[PDB]
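Before any questions on binding or motion, here is one chain by itself as structure tokens, the form deposited in one PDB entry.
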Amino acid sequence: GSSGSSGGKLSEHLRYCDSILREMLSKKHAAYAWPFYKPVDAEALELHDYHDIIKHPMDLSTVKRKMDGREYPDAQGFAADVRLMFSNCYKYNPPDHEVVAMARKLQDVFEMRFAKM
């Protein structure tokens, strides 16, 4: 769609939300939105007790698939997942981690958007 995400098989709100995600997946926000572009493999990676701290991990790629299959019953469900994705980074990574400053930049946008809707 151009200058407007033509709804379709989506809740009055969802239809709009579906976009909020397509935006966060832009090369522009990537600078601080990439931290959630690739998956996480404790086995392969040399992480340190990843699962331990983060029991229910999340990632952009994940939320998308869910939104693609209309898995979300409403806007709440969709947004919910997104919220977690952040809380995770803010939990796993320390308060001195640069990634923490980047994530925010995204969250700030994810908030206003949801509001404008």
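Start at 1 and count along the sequence shown; that's the residue number.
FYI, the form solved in complex with a partner chain isn't displayed, but the following is about it.
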item: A75 within 4.5 Å of its partner chain in the entry with it bound, heavy atoms; value: no
item: Any non-hydrogen atom of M58 within 4.5 angstroms of its partner chain in the entry with it bound; value: no
item: Interface membership of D41, its partner chain in the entry with it bound, 4.5 Å heavy atom rule; value: yes
item: Partner proximity in the entry with it bound: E98 to its partner chain, non-hydrogen atom cutoff 4.5 Å; value: yes
